[PDB]
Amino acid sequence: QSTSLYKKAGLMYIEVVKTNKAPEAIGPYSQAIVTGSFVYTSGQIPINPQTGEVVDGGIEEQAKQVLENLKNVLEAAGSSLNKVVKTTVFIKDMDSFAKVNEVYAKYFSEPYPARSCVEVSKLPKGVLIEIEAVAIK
């Protein structure tokens, strides 16, 4: 729960983001890191933070939860959805990308982030979507 640990490299620092509004980072990663004026998030997955479980439903419900989780990590970093410069969207099914897109479009507006979108063979816990972001503070 503490975010007071940092690393120093000369004039720059690595600072941790921790928030209970997104799934806890268990093991050797952080929800997000702040360094310079950059925020690097972990690839968010559709786990409901008030349960530890993947959300009920399908791609539309998973996409929403991923983006909520991304929102809360970003805002906990002092950043926001509108300061995202680049995402990678990893999906289990490219054929239903229009459905992911329809949810995604609700979370961002002009200027939209740069983006890469690829179909992967599996994701953590069998989820259908994972999204990481680079953002500015």
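For every residue, the number given is its place in the sequence shown, counted from 1.
- Task: Taking the mean of the C-alpha B-factors per stretch from the entry, tell me the winner out of 41 to 49 and 84 to 92.
- Result: The stretch with the larger average C-alpha B-factor is 41 to 49.
- Stretch with the greater mean C-alpha B-factor as recorded in the entry, comparing 63 to 71 against 102 to 110: 102 to 110 has the higher mean C-alpha B-factor.
- Highest Cα B-factor in the deposition, which of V118, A25, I14, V127? The record points to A25.
- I33 by Cα B-factor - lowest, middle or highest third of the modelled chain: For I33, the deposited C-alpha B-factor lands in the lowest third.
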